[PDB]
RNA sequence: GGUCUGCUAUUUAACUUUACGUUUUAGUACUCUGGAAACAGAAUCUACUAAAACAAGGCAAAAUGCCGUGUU
DNA sequence: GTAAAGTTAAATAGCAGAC
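This is how it looks when you write it as structure tokens:
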């Protein structure tokens, strides 16, 4: 039948409600679920560029060692084992050097080649590790002496060269690398092309328009295709590409608006005519960069005060379009031949904004075959500010630029008068975030599939869902780890300056963290009338104040004798904060300040009209656009999220929302009952009309009337009763997931024969880290310093007992002495301890990459080996299964195949045979029938232990347990066995229906 | 509501480089051991410096060379 | 795995004059 389509949009879940348009009976209802998306996994695109950065240093070195073999300065015979290249680049400038002592000083340079960006600017020294500070410091010390020399001077005195101080400009390197080759030049016969090719292999590097190579998708073919897919498309003619915001024509179209909006009190026509608009441009606008209002109004003989209809900046001066082409070109060239012609000027600006280097401009300024003296082109490339793009293509400037001249029209009315109009995959281009992009995309698929099984609905009503550098400051200032839970309380504490707005007494942070129960988060305007769950409605106050207030407005509760403070002192302290910077929200100020009574109804419907009703804007218009394009009539509206935190409340819906996933599909039905109430009433057809944004009556008059319309506790009895919910869980078939964690671990072998991972306690002398204290006093047998070289250890343990009352005795130690923990030595020459390795838990699974490293005595592994999938097999009445890991699926050019070398070994290692029947595969989140019982596959807990972990469907197991109160270990770990009676694979469509799948063969190839 | 424009703040895609971090090897320092020392081997915790790998791998052949943890 | 220097571009937010 006809039905309303309700939808709850969260990040993890899509819920839908299907209630009939008339009978109010519900046809179907379910929830579609998936894991939240992550944009922090920035790494994929950065590492793609960051991996090439490691190649940028690596490519330079490989080329110069190979280039020397071609020049025959180095051969495979040569040995470089002994060099100390920080001395070779000092003996190199002074004296003749070998063919082995010269290739090193070159290559150590070729590897570490400095920056170009940082040289240009300098700064002062502010006791920091900046790059504008360090290179500013470095070259003053290096003004007299060259890079290596001071580095070598630094080697002689500090004992350490590498670190923060070793950044440099590519110049000093190149200036000294031009200084060096000047000395060995006569000692080994060589060309100038070598002091060209090498100095090009040491300094030269890419820039933001060359892109990577040809085969890369990330790479492009020329400078034209770079911009030709980074510039937007016309608001009216999107098939073209946006013109440059600074082309002469656009810069002119942007001025024929300036004056076609002007109104002037003249007995003649108020909006300037063509000859007026001609000479003004030609006599004063062309002649003067910025024209103040006087200049136009003087050349056009009217009084200065008269002209109105002009854009004005905040200071008050009128702003009219600046011709960027004329004055940059006319400041060096006034010749009749380019300057009159707009098309000449039109192309010039395009080349300037597109290509980005003065040298690359003159090449393309030349291929125009236009007639500019070549002295101009080489200084026309020395101008700046030719940046940005108009929001209108060139096919939309030249078409209507004439009709701006003669008439007095402006751009909007011309496009109206010219019958020209603005404009799942479609979600990507405009949408903001990966979190939303996932929810919408699956929500569309829901609709696109519901109508196919159910038909065209009539009403599709949709609701959406509703400073971590501040946390790092107080878990480090105070030392209280638990700063993670009370974010919404603390963001309020900065924004209110440590006071209680309903008491005006100070709220110490240390006191609030110790006693959070002392201080609550009161809702300014009550949740029951405001319906504002946003930040703005919340104010961190003392409990006793919010306790004494209750269900009232601040003005009410402050004015009464119950509150000791008064509105008068409240009114003055409130606004002072409001003005300034880092200031309080405005709806906040609109919230605290309102003085009208809540019960009068001419007040209540204002709130419901304001916050409660009315990407959201974007999502809706992709829906109405589908419907309007197809001449298909279905009404689609929206409603804010807080409404369903209300309708749930007034109808006494369940507070203890612990039933699980179905507390979504519950919402969509409520959303559906809501639009129904909007629908049926005629006292609601003025508020239910702008929600569908239709072009146009009864409205509600007292608060009992409203409370008559949206309080129906008795007629909703069908929703709680509903028992046919069907669930659908998203399965991630995608490969090229994160193969494994980045960090490399070393290992050892203990006395027993286990293989054991070693870790690093990196930062020392930090107030946060007490783990130096914790791990010493429980199992110090894990410290490498304790096992051998314990002589350093007893010095370590004594400070851990000397300041054993302070969280990290080392800061307290470094506080006193001002000297780091020194390794044991006879004459105080022991190296400072800056890390301390320690043993780890035995590595069950590892990625062995030792072969990348030679002659190592220990194994080198990256942890976080993961299992991808697992195909159950049926081996003659006994159920066995293989597990296939993430590491196994080898990547390729356009597909991700499975390694039959490891899968086959895994078939023998699992005692699988050739004769066994094959049962389907079970990726994470797929559903399985073991012993007639159905659960969702979280994954293989242990291939070796013959285990998988599953979780429940209508609920998470922990939550089922919390309902059962059993307190077993809250995870399911069913054990595959010979005893297991049945293995069937169930999956679900997006709607939530369950279907049995029959499988005959296993696949090893995925295309991504 | 929307179209242009002017100022400032925002975020996101893509690109370009940086000095560190982990780890292996060789050296030295530190530690043990033998001794009047020259030094000697033992360990590889502790540090420094250099070379090399840093998702397994896959292309590509004189190259300012390329992909590899994201989403659909 | 991680901090410090760059650039182009798409887009929104907020402020102003117009239709």
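Residue numbers (PDB author numbering): 3 to 43, 45 to 426, 438 to 480, 501 to 648, 652 to 733, 741 to 1052. For each residue, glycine too, the CB sits at the ideal point set by N, CA and C.
List the residues that DSSP assigns as beta-bridge partners of residue i.
i            : result
residue 913  : 928
residue 770  : 32
residue 799  : 793
residue 557  : 572
residue 251  : None; residue 251 has no bridge partner.
residue 19   : 8 and 31
residue 673  : 474
residue 424  : Partner(s): none; residue 424 has no beta bridge.
residue 1049 : 941
State the DSSP-derived secondary structure class of residue i, mapped to helix, strand or coil.
i           : result
residue 226 : coil
residue 890 : coil
residue 598 : coil
residue 379 : helix
residue 194 : coil
residue 473 : strand
residue 983 : strand
residue 923 : strand
residue 57  : helix
residue 542 : coil
residue 679 : coil
residue 400 : coil
residue 991 : strand
To which residues of the same chain is residue i closer than 8 Å at the C-beta, ignoring the five residues directly before and after it?
i           : result
residue 93  : 151, 152 and 155
residue 295 : 320 and 321
residue 702 : 10, 17, 18, 19, 31, 32, 33 and 769
residue 82  : 103
Comparing C-alpha positions only, which one of the options sits nearest to residue i?
i            : options               : result
residue 28   : 49, 3, 50 and 34      : 3
residue 1026 : 974, 997 and 980      : 974
residue 983  : 901, 204, 187 and 968 : 968
residue 1016 : 1040, 977 and 412     : 977
residue 324  : 347, 289 and 345      : 289
residue 603  : 620, 637 and 536      : 536
residue 587  : 245, 707 and 623      : 623
residue 138  : 236, 897 and 126      : 126
residue 480  : 605, 631, 645 and 463 : 645
residue 679  : 725, 505, 49 and 642  : 642
residue 389  : 331, 42, 671 and 849  : 331
Count the other CB atoms within 10 Å of the CB of residue i; is the residue buried (16 or more) or exposed (fewer)?
i            : result
residue 192  : exposed
residue 741  : exposed
residue 836  : buried
residue 1022 : exposed
residue 572  : buried
residue 597  : buried
residue 748  : exposed
residue 869  : exposed
residue 424  : exposed
residue 73   : exposed
residue 636  : exposed
residue 564  : buried
With a CB to CB cut of under 7 Å and the five nearest residues on each side skipped, what residues in its chain are close to residue i?
i           : result
residue 88  : 107, 108 and 111
residue 353 : 247 and 250
residue 382 : 335
residue 927 : 911, 914, 984 and 987
residue 879 : 804, 805 and 806
residue 781 : 930
Within a Cβ cutoff of 6 Å, which residues of the same chain sit near residue i, ignoring the five residues on either side of it in sequence?
i           : result
residue 476 : 9 and 675
residue 996 : 1004
residue 12  : 479
Nearer than 7 Å: is that true of the beta carbon of residue i relative to any heavy atom of the ligand COA?
i           : result
residue 254 : Among the components modelled here there is no ligand, and therefore nothing to report on the ligand COA.
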